[PDB]
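Chemist: Pasting a structure below so you can have a look.
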């Protein structure tokens, strides 16, 4: 067939109950994640082809970058809580990986301040239990899909995208295949 288990995607031995319909994992420290988001625009290309009524969820991971990596997961929680993901994703990626001007929790906060989030608003979110649960949710989701690496994407808690089974020659053909595969999986 055109889409095959073991080729464009794999199937989780242990399907995740109540998982987000489309779940992406990343780290702001992850070079391939920078490529996925800032050059390939995988998330956005996936979103453009998704069926009506299918939401995309994106979680950060702790295991790269030590203390700062965890600070970044907490800041991503803040971004989700405040609904400002599309204002901070690019400057966080660039701050960590392009300029390398993000070296502490304060440097992360500066990105939000510069993007127009009020200091009081950021600090209240940062120290909130809503954000602590969002951090825990991200960690629990990683456990649930038995996550080994990033970037990664899972559909309906059942299927794992397998980019190594797709074409890598033309970036653009790759991105289209990846996006087409997520849409196929969402309808499966």
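Chemist: For the peptides 92-101, 26-35, what is the packing order when you average, over each peptide's residues, the other Cβ atoms within 10 Å and list the highest mean first?
Modeler: Details: 92-101: 16.9, 26-35: 20.5.
Answer by packing, highest mean first, reads 26-35, 92-101.
Chemist: By count of other Cβ within 10 Å, fewest leading, how are 85, 4, 37 ordered?
Modeler: Going from sparsest to densest Cβ surroundings: 4, 85, 37.
Chemist: Across 5 Å bins from 0, what is the distribution of all Cα-Cα pair distances for the chain, in whole percents?
Modeler: 1, 8, 17, 20, 20, 16, 10, 6, 2, 0, 0
Chemist: While we're looking at this one, here's another question. In which sequence would 103, 109 go, from the one with the fewest C-beta neighbours within 10 Å to the one with the most?
Modeler: 103, 109
Chemist: With everything on Cα atoms, drop me the angle between helix 66-82 and the longest principal axis of the chain, reported from 0 to 90° to the nearest 10.
Modeler: 90 degrees
Chemist: If you don't mind, another one. On each of the three principal axes of the Cα atoms of the range 78-144, give max minus min coordinate, whole Å, ordered largest first.
Modeler: The Cα atoms of the range 78-144 stretch 33, 27, 21 Å along the principal axes, largest first.
Chemist: Something else now. What order, most packed first, do the peptides 148-160, 115-127 have when packing is the mean number of other Cβ atoms within 10 Å of each residue?
Modeler: Packing order, densest peptide first, comes out as 148-160, 115-127.
Chemist: If you don't mind, another one. Note the angle between two axes, namely the Cα long axis of helix 105-114 and the longest principal axis of the Cα atoms of the chain, as a number of degrees from 0 to 90, rounded to the nearest 10.
Modeler: Long axis of 105-114 versus the principal axis of the chain: about 90 degrees.
Chemist: Can I ask one more? So if I take the centroid of the Cα atoms in the range 116-135 and the same for the range 166-188, what is the distance between those two points in Å?
Modeler: Measuring centre to centre over Cα atoms gives 35 Å.
Taken together, the values in this text are just the output of simple stated rules run on the coordinates, not laboratory data. All Cβ positions, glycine included, derive from the backbone under ideal geometry; neighbour counts span all protein chains shown.
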